[PDB]
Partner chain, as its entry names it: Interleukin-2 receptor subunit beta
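The chain that follows stands alone, in the form solved without the partner chain, written as structure tokens.
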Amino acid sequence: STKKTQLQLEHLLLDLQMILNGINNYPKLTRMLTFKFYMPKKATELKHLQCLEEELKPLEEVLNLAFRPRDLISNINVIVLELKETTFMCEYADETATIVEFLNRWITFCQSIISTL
């Protein structure tokens, strides 16, 4: 059970990393930063993945406007939902962020959980 959680988080880490790498390869990059995302106040536990889940449709939107995007987010949606049974109301920070800041924060979040086992 613990190994399946570690490999799920690693798969989530790769997918977010795959998006961020393609974003840096793009004038076009400046236009992609106008798209704003809601961010968590503090992401420490696995329960906070509800903040990412809520922002997956907005993530699909920006990838469509730029990158199949519908197939990629569908895979992320399953993994996130499988990783988090518990109803947790998510808390969003006062400041919104760009696509680059959104991805990097969740990449760092994923790297924190893998380290805590």
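Numbering follows the first chain given and starts at 1.
Q: Determine, among the other compared PDB entries that model residues flanking residue 85, whether at least a third leave it unmodelled.
A: Residue 85: unmodelled in a third or more of the comparison entries.
Q: Looking at the other compared entries that model both neighbours, is residue 58 missing coordinates in at least a third of them?
A: In all of the other entries, residue 58 has coordinates.
Q: Does the deposited sequence hold unmodelled residues between residue 92 and residue 93, and if so, how many: none, 1 to 3, 4 to 9, or 10 or more?
A: Nothing is missing.
Q: Answer with none, 1 to 3, 4 to 9, or 10 or more: how many deposited residues between residue 66 and residue 67 are not present in the coordinates.
A: Missing in between: 4 to 9 residues.
Q: Return whichever of 68-76 and 46-54 has the greater mean Cα B factor according to the PDB record.
A: The stretch with the larger mean CA B-factor is 68-76.
Q: When the Cα temperature factors in the entry are averaged, is it 27-35 or 55-63 that ends up higher?
A: Per the PDB entry, the higher value belongs to 27-35.
Q: Quick one: classify residue 110 as lowest, middle or highest third of the chain based on its Cα B-factor.
A: Within its chain, residue 110 is a lowest-third residue by C-alpha B-factor, going by the deposited values.
Below: the form deposited with the partner chain bound, not depicted.
Q: Heavy atoms within 4.5 Å of the partner chain in the deposited bound form: does residue 85 have any?
A: Outside the cut-off, so no.
Q: Indicate whether the partner chain has at least one heavy atom within 4.5 Å of a heavy atom of residue 79 in the deposited bound form.
A: Close contact exists here: in the deposited bound form, residue 79 approaches the partner chain to within 4.5 Å, heavy atoms only.
Q: Between 1-31 and the partner chain in the deposited bound form, list the residues on our side with a heavy atom within 4.5 Å.
A: Residues within 4.5 Å: 7, 8, 10, 11, 14, 15, 18.
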